[PDB]
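As structure tokens, the structure follows; a few thoughts come after it.
Proteins come first, then strands; the chains are lettered A, B, ... in the order of their sequence lines, and each starts at number 1. Whatever order the structure lists them in is the order used to number ligands and atoms, beginning at 1. Values below: every heavy atom of this structure, side chains too, minus hydrogens, waters and symmetry copies.
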Amino acid sequence: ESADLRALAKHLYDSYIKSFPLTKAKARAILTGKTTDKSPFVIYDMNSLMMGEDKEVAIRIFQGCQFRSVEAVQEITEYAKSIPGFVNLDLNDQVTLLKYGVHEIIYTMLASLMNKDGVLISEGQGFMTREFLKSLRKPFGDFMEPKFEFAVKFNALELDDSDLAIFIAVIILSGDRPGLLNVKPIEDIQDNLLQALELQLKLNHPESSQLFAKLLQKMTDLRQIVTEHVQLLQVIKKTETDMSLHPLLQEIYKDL
Amino acid sequence: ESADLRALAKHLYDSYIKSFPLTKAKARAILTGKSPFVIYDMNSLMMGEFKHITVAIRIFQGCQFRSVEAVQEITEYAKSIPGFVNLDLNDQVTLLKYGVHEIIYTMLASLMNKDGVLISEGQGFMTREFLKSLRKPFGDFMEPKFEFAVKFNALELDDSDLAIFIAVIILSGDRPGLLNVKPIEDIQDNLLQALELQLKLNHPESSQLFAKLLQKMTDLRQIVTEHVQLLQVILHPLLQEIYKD
Ligand SMILES: COc1ccc(C(=O)n2c(C)c(Cc3cccc(O[C@@H](C)C(=O)O)c3)c3cc(OC(F)(F)F)ccc32)cc1
Ligand SMILES: COc1ccc(C(=O)n2c(C)c(Cc3cccc(O[C@@H](C)C(=O)O)c3)c3cc(OC(F)(F)F)ccc32)cc1
């Protein structure tokens, strides 16, 4: 059995690497220096932002993240297909699982690109500071803060990509998502993912007491970030009527 | 050291039994025949017979009265948890402040089936349908608890399981304003260790029960958040003081 669970962990890590071009390991090598990777150009004010790119600031940056989210949903969707059992589920439920799982996964993986000071951008080529994001115009200045506050706590667990691979899989296969037709097949997959995760954390973090429990508890903070994020999008759509929002992102948010 | 975790487990069950008059075992007995007055509509409610009487408002007032009683039961229980009373007193207050609602909804689940909720120490039964039939926005007060309860109860936890789970909720190191997170997480790790051993022993046939129970903590925080937004509204002055939170 436990040999089977190591095989699952290995499968998931493999697909993760295949699906997500900027891993936590690459992110950390960029963020902390040095030699395997290269140093980011740092955006920290209106000056550096102009010198950095080679209509207005906050909205343009907002469209930037909006476009990254779309790529992220594309990568996540590719990864979900690799989770054993996922593609065999009722198609409606595949859609439901992705619809609800995707943003919880975006914020988990976004934490890999973050430290307390800011976030990696343009595939690790850039680094935008938390302060600069926080200084942005009235509604946009609030978008990233909750993600930074999560990242700081989440990053304290010291998870690596092989851990995150299984964790993200656990998130996607939640049998407690609204409007799931066949809850049981989903729960049977998740049960196995949870077993695999537990063994993986035991093995990878032997000195780390109750890391499994401490990680599942983080799923609480993920839910709150989603709620807050979609509230701000409501504000943006009514205040910026000329603002375009990607169809993929359109039908994900609609009917939380 | 798993004989010490069975000790902790037992200590916590012992205290829970002391602290909460209506146990899950007791409530399930009442709910599945082992007889309460039933409240299903306006006329059986009027006949039904409370300490809070000073329709939708009277029911909501009753729920708040009961919540205030429950806070003190939970406060008494928290004192039993090895290490809790040795915490900084501000942190004890913080842990209780943010944890009681989560525990109220957890424990309310023990008193609910999909059809209604035991009321008044199990002497009564208010139907789920009577509760949603109430005027807006009072008919939306209790439905999200029934949704959670039905899901939660499907875990089939017993009182000795819940005694440890509730302790785990109290000792959460992520409450805002905690001054000394270390001993709290130190205690909770112990309790999580005890909870895991309890569920392995009490439910050997359900593999990731531990995990599934911990995933229910997100459903709980969600519920508590939704509930406090419904409390946004948008009275006797002394009464209004008793029911601040
Ligand atoms: C698959 O999981 C993820 C994949 C990619 C990313 C990612 O690269 N992102 C980055 C660096 C960001 C941060 C960011 C900030 C400012 C501008 C950005 O656009 C450009 C410059 C870029 O990074 O390519 C990007 C990001 C934001 C996102 O929207 C949010 F979830 F926060 F609502 C979504 C993904 C984001 C995060 C999670
Ligand atoms: C220690 O945790 C608990 C202890 C007792 C109870 C409980 O008996 N309650 C019942 C049956 C109820 C359900 C109920 C419905 C209508 C009137 C009620 O008031 C009286 C009749 C009563 O429960 O004694 C009670 C209850 C509701 C509460 O407010 C709420 F959480 F829902 F916001 C709080 C506690 C409630 C719940 C949790």
Side-chain angles (χ1 to χ4, degrees), chain A residues 16 19-22 27 43 49 52-53 60-79 102-103 105-114 118-128 132-133 136 143-144 146-148 164 168 225-226 229-230 232-233 249, chain B residues 16 19-22 27 39 45 48 50-52 58-77 100-112 116-126 130-131 134 141-142 144-145 162 166 223-224 227 230-231:
Chain A
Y16 175 99
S19 301
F20 306 108
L22 185 57
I43 304 156
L49 178 65
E53 27 198 294
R60 196 170 64 251
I61 295 181
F62 179 80
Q63 293 278 12
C65 306
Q66 178 153 248
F67 169 70
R68 267 303 318 173
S69 299
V70 166
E71 299 185 309
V73 178
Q74 297 172 332
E75 294 154 23
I76 290 302
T77 300
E78 203 188 317
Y79 178 73
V102 90
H103 281 104
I105 293 171
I106 285 156
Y107 318 137
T108 291
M109 283 189 79
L110 180 61
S112 299
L113 315 185
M114 289 178 148
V119 62
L120 286 183
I121 60 168
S122 341
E123 291 256 346
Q125 297 168 321
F127 181 80
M128 191 161 273
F132 174 68
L133 284 154
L136 255 27
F143 271 101
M144 290 299 294
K147 289 90 182 160
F148 279 109
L164 296 171
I168 283 156
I225 292 160
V226 182
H229 184 259
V230 303
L232 286 186
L233 260 30
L249 273 18
Chain B
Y16 173 100
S19 289
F20 309 104
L22 192 57
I39 297 145
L45 205 208
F50 305 97
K51 286 185 140 38
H52 57 93
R58 294 139 59 194
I59 292 167
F60 164 78
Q61 165 160 222
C63 293
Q64 299 312 120
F65 182 91
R66 215 299 158 211
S67 283
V68 165
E69 285 192 301
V71 165
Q72 294 311 137
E73 292 169 9
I74 299 161
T75 301
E76 191 194 72
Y77 178 68
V100 291
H101 279 76
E102 275 159 36
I103 297 160
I104 284 153
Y105 311 142
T106 299
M107 295 198 82
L108 187 55
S110 307
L111 304 172
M112 292 181 263
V117 64
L118 283 179
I119 58 136
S120 182
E121 315 147 16
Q123 293 175 306
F125 183 79
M126 200 162 289
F130 173 63
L131 283 164
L134 290 174
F141 192 87
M142 280 291 289
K145 326 279 184 265
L162 290 169
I166 277 144
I223 279 310
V224 174
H227 182 260
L230 182 63
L231 265 168

Identity and separation of the nearest protein heavy atom to atom 38 (C) of ligand 1 | A/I106 O, 3.2 Å
To the nearest 0.5 Å, atom NE2 of B/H227 lies from atom CD of B/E102 at 13.0 Å
Close N or O approach (A/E123, ligand 1; < 3.5 Å) | no
Pairing residues for A/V73 by the side chain to side chain contact (heavy atoms under 4.5 Å, CB included) criterion, not counting sequence neighbours = A/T77, A/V102, A/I106, A/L248, A/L249, A/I252
Is there any N or O on A/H103 that sits under 3.5 Å from an N or O of ligand 1?
-> no
Short version for A/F20: what comes under 4.0 Å of ligand 1, heavy atoms counted, is side chain
A/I61 side, atom CD1; A/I43 side, atom CD1 - distance, nearest 0.5 Å = 7.0 Å
Which residue from B/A27, B/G62, B/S19 reaches closest to atom 20 (C) of ligand 2 through any of its heavy atoms?
-> B/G62
Check each atom of ligand 2 against the heavy atoms of B/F141 and keep those under 4.0 Å away; list them by number with element.
-> 32 (F), 33 (F)
Could you tell me which atoms of ligand 1, counted from 1 in the order shown, lie closer than 4.0 angstrom to a heavy atom of A/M144?
-> 32 (F)
What part of A/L120, side chain, backbone, both or neither, has a heavy atom within less than 4.0 angstrom of ligand 1?
-> backbone
Who pairs with B/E121 by side chain to side chain contact (heavy atoms under 4.5 Å, CB included), at least two apart in sequence or on another chain?
-> B/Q123
Check each atom of ligand 1 against the heavy atoms of A/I61 and keep those under 4.0 Å away; list them by number with element.
-> 16 (C)
Heavy-atom nearest neighbour in the protein, as seen from atom 22 (C) of ligand 1, with distance rounded to 0.1 Å = A/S122 N, 3.3 Å
A/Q66 and A/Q63: side chain donor to acceptor below 3.5 Å = yes
Roughly how far apart are A/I168 CD1 and A/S19 OG, rounded to 0.5 Å?
-> 10.0 Å
Interatomic distance, OG1@B/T106 vs CD1@B/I223, rounded to 0.5 Å, equals 10.5 Å
For A/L113, atoms of ligand 1 separated by under 4.0 Å from a heavy atom = 7 (C), 8 (O), 11 (C)
Heavy-atom contacts with B/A70 under 4.0 Å: which atoms of ligand 2 show up? List them by number with element.
-> 1 (C), 2 (O), 3 (C), 4 (C)
Of the non-hydrogen atoms in A/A27 and A/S112, which two are nearest, and what is the gap between them?
-> CB-O, 3.3 Å
Under 4.0 Å between heavy atoms, the region of A/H229 that gets near ligand 1 turns out to be side chain
What protein heavy atom is closest to atom 30 (C) of ligand 1, reported as residue, atom name and distance in Å?
-> A/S69 OG, 3.9 Å
Closest protein heavy atom to atom 17 (C) of ligand 1, given as residue, atom name and distance to 0.1 Å = A/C65 SG, 3.6 Å
One should read off an interatomic distance between B/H101 NE2 and B/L231 CG, to the nearest 0.5 angstrom, of 6.5 Å
Can you tell which part of A/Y107 has a heavy atom less than 4.0 Å from ligand 1: side chain, backbone, both or neither?
-> side chain
So for A/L110 against ligand 1, with non-hydrogen atoms under 4.0 Å, the contacting part is both
Non-hydrogen atom of B/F50 closer than 4.0 Å to ligand 2 | yes
Selected option - heavy-atom contact closest to atom 5 (C) of ligand 2, from B/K51, B/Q61, B/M107, B/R66 | B/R66
